[PDB]
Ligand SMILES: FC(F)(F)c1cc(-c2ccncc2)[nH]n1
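Take a look at this one chain, the form deposited without this ligand, written out in structure tokens.
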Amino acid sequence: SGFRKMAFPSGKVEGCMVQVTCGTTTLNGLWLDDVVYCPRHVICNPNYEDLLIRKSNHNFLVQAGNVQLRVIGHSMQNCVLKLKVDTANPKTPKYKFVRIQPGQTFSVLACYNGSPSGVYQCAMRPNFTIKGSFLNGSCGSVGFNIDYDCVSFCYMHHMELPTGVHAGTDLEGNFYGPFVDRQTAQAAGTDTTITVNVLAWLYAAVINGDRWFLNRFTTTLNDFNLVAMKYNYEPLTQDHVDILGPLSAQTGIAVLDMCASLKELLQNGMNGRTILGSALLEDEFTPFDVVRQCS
């Protein structure tokens, strides 16, 4: 019983975190086999190809705890620097670089000066920002999922935007969203609520005995989607209805009956009631998150 924002155990990622310094700029890197990955900003209008051609291997200080790693090669891939080192990280887990979709969740290991500070779950918002928790020095901190023994790295932290939300890249240095790794007027676009996640979370609440918000009513996909649009919820698709199948089955509540409940919650609010300890409709749990945690 119970329902928490649960992160993956961070051990496998902690053994990969290093400190990278160039000049008087320090930030975090990720040490997998004999490569260290970090934000190319570590070498800072800028023209990064110009800035990098002016560097040598000896201009990069990499520290894994105490041990200094010798840099023997450097190259840029999009917004990430790859520092080749003379030692394979003996703690390298099985890993993959995957890009996630808006609406998907991942764990963030927040790190300062190469030292892990804390782990929390995040969703990629529809507007390709994340509502993270990051202070000066967290640049290079990574986001990940773990399946069996395999770490799927999906995010590397770069920027804080003016609304206090966060912007970064996948591990091949491609930004999520229309953001750049320099100072501009850039701002988060308008965001939406992740409908499939809100329905997943209502399923979690049912599995955990919160049933107050249910009703005998139903609706069609199309009449649901007309109320969705009105309250800045993204459209529900048949794929979404299909991925909610296993939760529908476990609870005996049709997806379109759960939609009728959500329409009533959006039209009436909660009348001072809570669901799974929240007074608002939570949208940062995926169907997979609910199945992973509930039973």
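In this text, residue numbers run from 1 along the sequence as written.
Not pictured, yet referred to below: the form deposited with this ligand bound.
Though the partner is left out of this view, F134 does reach within 4.5 Å of this ligand in the deposited complex, counting heavy atoms only.
Among heavy atoms of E160, some come within 4.5 Å of this ligand in the deposited complex. Contact between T219 and this ligand in the deposited complex is not found at the 4.5 Å heavy atom cutoff. This ligand in the deposited complex is approached by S138, whose closest heavy atom lies within 4.5 angstroms of it.
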